[PDB]
Structure formats: structure tokens, C-alpha cells
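As C-alpha cells, the structure follows; a few thoughts come after it.
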Protein chains: 2
Amino acid sequence: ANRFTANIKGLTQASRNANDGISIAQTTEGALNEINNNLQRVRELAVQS
Amino acid sequence: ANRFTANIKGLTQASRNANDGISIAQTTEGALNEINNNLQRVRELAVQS
């Protein structure tokens, strides 16, 4: 029973870690979207030039 | 999708570039037409001379 308890607590905190990862990843994704949009507009300008 | 978006923006801008080309060609042609009229008149006078 005590071993079961140990594993349960560890697994729960690990799930929280996974959520930490999803958070950081999504922030990076958000920033990269704007990078992409700017690059698209830059290609448009280069076309005009 | 992103590559399609890039293509679409570029092609739109390029269409407008082609419009610029049409415009400049027309300006040049109009000037040439006035020149042609003058030359016609000069040939007439040459005959008279």
C-alpha cells in the first residue's frame, strides 16, 4: 500500500510537469505565429520591390 | 496552408505589378502617336516643297 501511495503522488506531480511543458510550448507557438505573419508580409514587399 | 498563403500574397502583388507595366506602355504609345502626327505633317510639307 505504501508503494502504491508513492507512485500515485509521483504520477500526479508528473502530470503537472506535462502541463508545464504544454504551457511553455504554447507560448513559443504563439510567438512563432507572429514571426510567420511578419515573414509573409516581408515576402509580399520583396515581390513589390 | 502557409505556403499557399505566401503564394497568394505574392501573386496578388505581381498582378498589380503587371498593371503598372500596362500603364507605362500606354503612356509611351500616346507620346509616339503625337510624334507620328507631326511626321505625317512634315511629309505633306516636303511634298509641297
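Naming scheme: A, B, ... for chains in displayed order of the C-alpha cells; residues 1 onward per chain; ligands 1 onward as shown.
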
As a PDB file with C-alpha atoms, in the first residue's frame, please: chain B after a least-squares superposition onto chain A using all C-alpha atoms matched in order.
```pdb
ATOM      1  CA  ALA B   1       0.073   0.008   0.013  1.00  0.00           C
ATOM      2  CA  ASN B   2       2.920   2.370   0.877  1.00  0.00           C
ATOM      3  CA  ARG B   3       4.648   1.759  -2.443  1.00  0.00           C
ATOM      4  CA  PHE B   4       1.352   2.403  -4.221  1.00  0.00           C
ATOM      5  CA  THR B   5       0.974   5.667  -2.302  1.00  0.00           C
ATOM      6  CA  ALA B   6       4.455   6.760  -3.339  1.00  0.00           C
ATOM      7  CA  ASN B   7       3.654   5.932  -6.954  1.00  0.00           C
ATOM      8  CA  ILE B   8       0.366   7.835  -6.822  1.00  0.00           C
ATOM      9  CA  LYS B   9       1.896  11.013  -5.434  1.00  0.00           C
ATOM     10  CA  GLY B  10       4.701  10.895  -7.976  1.00  0.00           C
ATOM     11  CA  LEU B  11       2.375  10.338 -10.913  1.00  0.00           C
ATOM     12  CA  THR B  12       0.094  13.202  -9.899  1.00  0.00           C
ATOM     13  CA  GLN B  13       3.033  15.578  -9.716  1.00  0.00           C
ATOM     14  CA  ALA B  14       4.301  14.303 -13.061  1.00  0.00           C
ATOM     15  CA  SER B  15       0.939  14.994 -14.683  1.00  0.00           C
ATOM     16  CA  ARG B  16       1.218  18.597 -13.550  1.00  0.00           C
ATOM     17  CA  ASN B  17       4.761  18.719 -14.947  1.00  0.00           C
ATOM     18  CA  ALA B  18       3.401  17.647 -18.322  1.00  0.00           C
ATOM     19  CA  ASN B  19       0.928  20.511 -18.096  1.00  0.00           C
ATOM     20  CA  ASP B  20       3.856  22.896 -17.678  1.00  0.00           C
ATOM     21  CA  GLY B  21       5.401  21.455 -20.825  1.00  0.00           C
ATOM     22  CA  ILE B  22       2.215  22.032 -22.797  1.00  0.00           C
ATOM     23  CA  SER B  23       2.106  25.637 -21.619  1.00  0.00           C
ATOM     24  CA  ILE B  24       5.658  26.469 -22.641  1.00  0.00           C
ATOM     25  CA  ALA B  25       5.170  24.862 -26.047  1.00  0.00           C
ATOM     26  CA  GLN B  26       2.090  27.010 -26.626  1.00  0.00           C
ATOM     27  CA  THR B  27       3.911  30.218 -25.705  1.00  0.00           C
ATOM     28  CA  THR B  28       6.688  29.399 -28.151  1.00  0.00           C
ATOM     29  CA  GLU B  29       4.233  28.624 -30.927  1.00  0.00           C
ATOM     30  CA  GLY B  30       2.395  31.917 -30.499  1.00  0.00           C
ATOM     31  CA  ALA B  31       5.604  33.872 -30.847  1.00  0.00           C
ATOM     32  CA  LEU B  32       6.452  31.882 -33.968  1.00  0.00           C
ATOM     33  CA  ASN B  33       3.052  32.733 -35.442  1.00  0.00           C
ATOM     34  CA  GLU B  34       3.628  36.465 -35.118  1.00  0.00           C
ATOM     35  CA  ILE B  35       7.041  35.991 -36.747  1.00  0.00           C
ATOM     36  CA  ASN B  36       5.391  34.110 -39.608  1.00  0.00           C
ATOM     37  CA  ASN B  37       3.006  36.976 -40.255  1.00  0.00           C
ATOM     38  CA  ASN B  38       5.893  39.424 -40.454  1.00  0.00           C
ATOM     39  CA  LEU B  39       7.754  37.195 -42.906  1.00  0.00           C
ATOM     40  CA  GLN B  40       4.677  36.927 -45.126  1.00  0.00           C
ATOM     41  CA  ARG B  41       4.489  40.711 -45.263  1.00  0.00           C
ATOM     42  CA  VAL B  42       8.174  40.921 -46.137  1.00  0.00           C
ATOM     43  CA  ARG B  43       7.757  38.493 -49.033  1.00  0.00           C
ATOM     44  CA  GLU B  44       4.863  40.574 -50.348  1.00  0.00           C
ATOM     45  CA  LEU B  45       6.990  43.720 -50.264  1.00  0.00           C
ATOM     46  CA  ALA B  46       9.890  41.902 -51.907  1.00  0.00           C
ATOM     47  CA  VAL B  47       7.600  41.007 -54.799  1.00  0.00           C
ATOM     48  CA  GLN B  48       6.509  44.623 -55.051  1.00  0.00           C
ATOM     49  CA  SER B  49      10.123  45.798 -55.111  1.00  0.00           C
TER      50      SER B  49
END
```
